[PDB]
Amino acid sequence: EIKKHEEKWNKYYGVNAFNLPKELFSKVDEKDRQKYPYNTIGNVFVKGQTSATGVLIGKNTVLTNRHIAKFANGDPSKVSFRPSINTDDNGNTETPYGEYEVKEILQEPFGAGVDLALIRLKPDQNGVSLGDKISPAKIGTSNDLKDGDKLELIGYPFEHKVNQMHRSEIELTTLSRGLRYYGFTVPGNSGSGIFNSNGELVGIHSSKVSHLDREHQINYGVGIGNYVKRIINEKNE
């Protein structure tokens, strides 16, 4: 089953990412970016440090990874959130909702071993919160997910294309030890929203981790389980 896993992993990584089939990995087009849930997805930008993903989950609250937030060193001035940013192939960058400053970083409110962080945004210069312009993501649960389930991962695969929202179909596997799945991702996908067919946020992509043996790997995310949901409800704003 290492050979089974190698074959399956190799469907996403055995070819160059531009040659992946569109059902596994595709750019979100302009029309789709304006619709839910794509419009909840933004670029978490720590200038000079990292460029990754976050999900708008509250009126002023973005959910991302702890490992992304940590690049800011507890300094909100170092982090911006660029919802639905798009840089085209010819260098034109659009930020239809503007760029949002960060008022507070909650680096590890779920625990240091849970790779999630909350970024609290300032309103815009007119006092408009991002969540007034965009309905935050509907928060679901990971409790009903099962091995083999198909989900959509949405985020900013920086290392593939800069500031271009993409969707990746993921396939859950071996959930006994967290949210694990096959799918194409790059480091910039850290913080990508994982959505079910009903558009509910059920997880956040984190990173790749060892799988089956020490020489193989799989994608890992943080599911919106009972604990994560409790903290979100406590801290969201």
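For every residue, the number given is its place in the sequence shown, counted from 1.
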Next item on the list: Give the stretch, out of 133-141 and 77-85, with the larger mean C-alpha temperature factor in the deposited entry.
Entry: 133-141
Checklist line | Entry-level comparison of average CA B-factors, 148-156 and 100-108, reporting the higher stretch | finding: 148-156
Notebook entry, point to check: Should residue 17 be placed in the lowest, middle or highest third of its chain by the C-alpha B factor in the entry?
Noted result: highest
Check: Lowest, middle or highest third: where is residue 92 by C-alpha B factor in its chain?
Finding: middle
Item checked: Ranked C-alpha temperature factor of residue 45 among modelled chain residues, by third -> lowest
Checklist line | Third assignment of residue 210 from its chain's C-alpha B-factors | finding: middle
Margin query: Ranking every modelled residue in this chain by its Cα temperature factor as given in the entry, which third contains residue 59?
Written below: middle
